[PDB]
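The structure appears right after this line, and notes come after that.
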Amino acid sequence: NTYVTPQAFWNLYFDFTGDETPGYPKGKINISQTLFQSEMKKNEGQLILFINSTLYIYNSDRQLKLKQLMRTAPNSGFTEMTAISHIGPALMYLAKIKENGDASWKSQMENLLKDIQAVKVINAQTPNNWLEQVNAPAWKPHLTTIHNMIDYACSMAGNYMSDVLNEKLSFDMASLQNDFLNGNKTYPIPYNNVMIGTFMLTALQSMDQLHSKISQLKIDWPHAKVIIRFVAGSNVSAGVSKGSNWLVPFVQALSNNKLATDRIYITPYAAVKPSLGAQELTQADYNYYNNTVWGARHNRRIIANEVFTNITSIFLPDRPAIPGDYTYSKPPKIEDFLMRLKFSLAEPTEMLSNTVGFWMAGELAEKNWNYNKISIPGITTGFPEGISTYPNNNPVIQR
Amino acid sequence: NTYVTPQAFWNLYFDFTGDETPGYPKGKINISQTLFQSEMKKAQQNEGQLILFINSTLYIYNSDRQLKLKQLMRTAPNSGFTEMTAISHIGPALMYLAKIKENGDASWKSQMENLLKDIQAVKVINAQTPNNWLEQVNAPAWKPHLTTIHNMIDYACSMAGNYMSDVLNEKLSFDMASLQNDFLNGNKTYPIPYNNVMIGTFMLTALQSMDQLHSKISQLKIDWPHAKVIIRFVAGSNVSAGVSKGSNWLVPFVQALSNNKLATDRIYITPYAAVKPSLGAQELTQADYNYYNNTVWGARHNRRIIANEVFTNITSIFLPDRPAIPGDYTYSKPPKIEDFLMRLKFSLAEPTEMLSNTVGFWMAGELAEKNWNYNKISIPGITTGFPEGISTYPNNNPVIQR
Ligand SMILES: [Cl-]
Ligand SMILES: [Cl-]
Ligand SMILES: [Cl-]
């Protein structure tokens with residue numbers, strides 16, 4: 001076919017849109033561009049940008065106020081906390097490896113037990129205990145509990161693995177759940193509680209570090225502009241909707257609910273501009289995020305509602321309240337977070353941090369970031385009836 | 001701080017995960033890797049076609065990394081897209097001009113003068129005979145309604161043109177409210193609302209785009225139960241839309257193509273997937289193929305399998321899809337034009353939505369019901385939805401008086 005679109009059609013097309021497309025006529029200012037420039041002419045806020053793994057905060061004068069990496073610090077206690085948490089999933093994986101008839105489960109569990117014994121010893125080191133050296137102010141009220149818990153965890157998991165390898169217990173998905181994950185006569189606090197406790201401390205550390213930094217900027221929250229284009233490493237399908245990104249309730253918490261949720265836009269296809277991260281954003285890069293990205297989403301919402309008043313408005317629901325959410329259950333159950341962990345792993349839309357992210361953001365908001373008043377499931381709450389905290393003197397690992 | 005994580009903790013950490021992370025000890029086989037290895041003796045394989053909606057184009061690649069199909073789902077050159085979208089966009093353009101005026105920017109007058117000039121040029125080119133653009137464009141799905149389509153663009157130009165003329169000649173007021181009452185809802189001279197032109201034009205755009213793909217994909221041998229669908233589709237500058245299945249009509253459209261033989265869990269919306277260099281080439285590089293097939297598609301699918309097969313002691317959660325709303329095929333068996341207007345308002349206000357969601361969900365369902373036979377389908381804003389007393393768009397429409 002030799003058919004060619006008449007020029008009159010392109011001229012009319014380019015009158016409203018196409019300004020970012022190659023082929024757009026050089027020199028033209030279309031109706032969309034006029035709109036995002038008219039808004040500027042006739043108290044402008046901060047630009048909060050979660051782009052990839054970094055946070056960027058820029059003021060009205062295009063000056064950098066904060067550049068923070070969302071990546072976990074080497075002195076945060078993340079690796080330490082996560083290593084203990086992962087003992088549950090590791091044992092689950094080993095039960096599956098056994099079911100598939102792969103004998104490597106025995107050698108992997110032997111090494112896992114050996115490495116847990118080395119952790120028990122290092123955790124018991126005094127003075128200059130690793131826990132006293134970690135940068136986590138929010139944990140300070142519970143340092144003794146955190147110590148006893150890692151000790152309890154190593155003792156429980158170690159002696160459980162020992163019993164499996166010495167054939168005192170059976171090994172399968174069912175046995176693992178009843179003999180270890182749910183607890184036993186010697187170790188009555190379920191390992192399920194240790195998994196949730198450790199995750200919770202990791203969420204609390206991450207959120208406390210961010211609140212400490214963002215608080216010192218004295219942001220005028222009612223006028224803030226929030227852009228979320230956050231990528232969780234290789235999870236290219238997660239946190240692209242507000243119900244599946246705990247950064248949304250977390251930012252609300254930071255603002256003390258003074259920032260309207262409609263001022264928060266998840267823009268996964270927004271460009272990563274060249275001057276992003278510089279002390280000064282270029283006017284072109286600033287106008288891009290402020291007007292082209294944030295402004296366009298905000299203006300469309302206003303124009304549609306102000307012009308189409310004769311057309312009935314549709315409202316779609318948010319995702320339902322599910323286990324792990326702050327409001328779902330009070331007090332929360334440990335099983336609630338286990339359910340959320342499974343859901344977060346299976347669902348492409350979810351991040352593993354959603355397991356506790358939504359809960360901890362709500363708790364910190366409710367308790368106004370006061371460490372002495374917050375409850376931490378798996379650390380301060382969720383103990384079996386009759387138990388108040390993790391025991392101090394725990395049996396040695398018998399190999 | 002001089003703090004160093006104790007080695008015992010790293011050793012324990014690396015026993016289960018970290019195999020993809022830099023810093024992972026050379027030679028180690030962790031528990032995740034053993035599970036992966038053991039499951040392979042018994043996960044995701046190499047067979048099945050890669051169906052990739054990346055930016056504006058659909059790419060289909062076979063197991064042998066060979067290109068089977070490359071089609072633009074929007075902005076296809078000389079396809080009726082630009083022509084039809086240009087007319088659809090007159091409504092939003094005028095809405096934007098009303099806001100520019102409210103903000104006290106006088107540039108609305110010069111932008112409207114030019115908009116009116118360009119609508120007059122389109123009216124004339126649309127009236128050309130013989131060799132009318134509509135008779136030349138490869139749009140076989142439109143063939144049953146060519147006369148109606150012609151009269152509608154003529155009507156649209158005449159209505160919008162004379163409306164803008166009246167505003168600039170101060171015969172009418174111009175604001176959000178006035179625009180709705182005097183133009184979008186219709187007027188004494190032009191009784192068919194411009195709202196109907198917006199639905200009609202959007203409908204034809206959806207129909208053309210979906211028909212062109214069906215014609216191309218039909219000629220291919222696709223093993224739908226084993227297909228691997230990746231959606232990283234971007235509706236131009238709308239950087240926040242179609243990032244969830246309920247806000248992307250490509251999801252039901254692909255289900256329709258598969259004749260519901262493709263499982264919805266095999267469809268992943270991956271907005272952060274990279275646009276690889278050999279994408280669009282006759283042959284995808286082994287690195288680029290392994291990226292989309294294993295790094296992108298495979299990992300999402302493997303995590304469903306790991307959760308269900310390994311976390312069997314944890315109760316599963318089910319979340320329903322979004323409810324049916326006006327503009328969905330499943331919503332109203334005979335659809336009302338009011339439904340599409342409601343969906344147009346919703347699509348334009350909500351950052352999660354694309355304007356193509358106004359009709360996309362409906363047209364995918366209608367086409368599927370009639371087994372893609374466009375001679376059997378009804379088209380709201382073209383064949384139906386006219387004000388009481390009107391059957392179609394008028395033929396002789398007043399000239400644009402500047
Ligand atoms: Cl980054
Ligand atoms: Cl539908
Ligand atoms: Cl009708």
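Labeling convention for the structure tokens: chains A, B, ... as they appear, residues from 1 per chain, ligands from 1 in order of appearance.
Where the distance criterion is 9 Å and the atoms used are only C-alpha atoms and all ligand atoms, the residues close to ligand 2 are residues 249, 252, 324, 325, 327, 328, 329, 330, 331, 360, 361, 362, 363, 364, 365 and 366 of chain B.
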**Report entry** For range 262-272 of chain A: contacts at 8 Å, only C-alpha atoms, fewer than 5 positions along chain excluded, given as a count of residues only
**Finding:** 25
Query raised in the report: Using only C-alpha atoms and all ligand atoms, which protein or nucleic acid residues are at most 6 Å from ligand 3, as a list in words?
Result: residues 384, 385 and 386 of chain B
Could the residues in this selection be written to a file with N, CA, C and O atoms, as a PDB file, in the first residue's frame?
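Written out: part-v6.pdb:
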ATOM      1  N   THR B 384     -24.800   3.024  16.910  1.00  0.00           N
ATOM      2  CA  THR B 384     -25.773   3.115  17.990  1.00  0.00           C
ATOM      3  C   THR B 384     -25.432   4.261  18.965  1.00  0.00           C
ATOM      4  O   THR B 384     -24.315   4.775  18.938  1.00  0.00           O
ATOM      5  N   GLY B 385     -26.398   4.655  19.793  1.00  0.00           N
ATOM      6  CA  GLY B 385     -26.214   5.692  20.808  1.00  0.00           C
ATOM      7  C   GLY B 385     -26.627   7.102  20.439  1.00  0.00           C
ATOM      8  O   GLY B 385     -26.292   8.053  21.150  1.00  0.00           O
ATOM      9  N   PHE B 386     -27.379   7.248  19.355  1.00  0.00           N
ATOM     10  CA  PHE B 386     -27.800   8.558  18.875  1.00  0.00           C
ATOM     11  C   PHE B 386     -28.948   9.142  19.679  1.00  0.00           C
ATOM     12  O   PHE B 386     -29.796   8.377  20.144  1.00  0.00           O
TER      13      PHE B 386
END
Requested in this report: For chain B, list the residues within 6 Å of chain A, counting only C-alpha atoms, and write the list as a ChimeraX atom specification.
Outcome: /B:3,8-9,12-13,16,35,38,78,83,86,93,100,103,105,118,121-122,176,239-240,269-273,300,303-304,307,314-315,342,345,348-349,351
Report summary line: Min atom-atom distance to residue 379 in chain B from the set B:142, B:346, B:53, B:183, counting only C-alpha atoms, belongs to B:142
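Between CA of residue 372 in chain A and CA of residue 147 in chain A the interatomic distance comes to 17.9 Å.
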Query raised in the report: Mind checking DSSP for range 16-214 of chain B and telling me the strand (DSSP E) residues as a list in words?
Result: residues 50, 51, 52, 53, 54, 55, 57, 58, 59, 60, 61, 67, 68, 69, 70, 71 and 72 of chain B
Serialized selection, N, CA, C and O atoms, as a compact mmCIF listing (two decimals), in the first residue's frame:
# COMPACT_ATOMS: atom_id res chain seq x y z
N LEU B 50 7.30 -16.37 22.98
CA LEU B 50 7.43 -15.15 23.75
C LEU B 50 6.55 -14.10 23.12
O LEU B 50 6.78 -13.74 21.97
N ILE B 51 5.51 -13.65 23.84
CA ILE B 51 4.58 -12.62 23.34
C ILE B 51 4.90 -11.36 24.13
O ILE B 51 4.65 -11.32 25.33
N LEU B 52 5.58 -10.38 23.47
CA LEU B 52 6.11 -9.17 24.10
C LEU B 52 5.47 -7.87 23.62
O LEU B 52 5.73 -7.42 22.50
N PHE B 53 4.69 -7.24 24.52
CA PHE B 53 4.09 -5.94 24.30
C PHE B 53 5.01 -4.95 24.94
O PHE B 53 4.95 -4.75 26.15
N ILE B 54 5.95 -4.42 24.15
CA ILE B 54 6.97 -3.51 24.67
C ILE B 54 6.84 -2.17 23.98
O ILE B 54 6.99 -2.07 22.76
N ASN B 55 6.55 -1.13 24.81
CA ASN B 55 6.32 0.27 24.44
C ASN B 55 5.03 0.38 23.63
O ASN B 55 3.97 0.37 24.24
N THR B 57 4.80 -1.58 20.44
CA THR B 57 4.85 -2.71 19.53
C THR B 57 4.65 -4.06 20.21
O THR B 57 5.09 -4.26 21.34
N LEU B 58 3.99 -4.98 19.49
CA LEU B 58 3.88 -6.38 19.84
C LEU B 58 4.96 -7.15 19.09
O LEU B 58 5.02 -7.05 17.85
N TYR B 59 5.79 -7.93 19.82
CA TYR B 59 6.79 -8.82 19.23
C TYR B 59 6.51 -10.26 19.64
O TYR B 59 6.29 -10.53 20.83
N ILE B 60 6.51 -11.18 18.68
CA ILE B 60 6.39 -12.61 18.95
C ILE B 60 7.68 -13.26 18.45
O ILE B 60 8.06 -13.08 17.28
N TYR B 61 8.35 -14.00 19.35
CA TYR B 61 9.58 -14.77 19.12
C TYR B 61 9.36 -16.24 19.49
O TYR B 61 8.74 -16.54 20.52
N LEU B 67 12.03 -14.06 15.02
CA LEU B 67 10.89 -13.14 14.97
C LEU B 67 9.77 -13.73 14.10
O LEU B 67 9.98 -14.05 12.93
N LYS B 68 8.58 -13.88 14.70
CA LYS B 68 7.42 -14.43 13.99
C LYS B 68 6.44 -13.33 13.63
O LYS B 68 5.78 -13.41 12.59
N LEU B 69 6.37 -12.27 14.48
CA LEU B 69 5.47 -11.13 14.31
C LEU B 69 6.04 -9.88 14.98
O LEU B 69 6.61 -9.97 16.07
N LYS B 70 5.85 -8.72 14.34
CA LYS B 70 6.21 -7.38 14.82
C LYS B 70 5.09 -6.46 14.36
O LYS B 70 4.94 -6.24 13.16
N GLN B 71 4.27 -5.97 15.31
CA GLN B 71 3.14 -5.11 14.99
C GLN B 71 2.97 -3.97 16.00
O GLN B 71 2.96 -4.22 17.19
N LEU B 72 2.71 -2.75 15.52
CA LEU B 72 2.41 -1.60 16.36
C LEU B 72 0.94 -1.65 16.83
O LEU B 72 0.02 -1.73 16.01
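Proximity to ligand 1 was assessed for A:73, A:65, A:276, A:254 counting only C-alpha atoms and all ligand atoms; the smallest distance is recorded for A:276.
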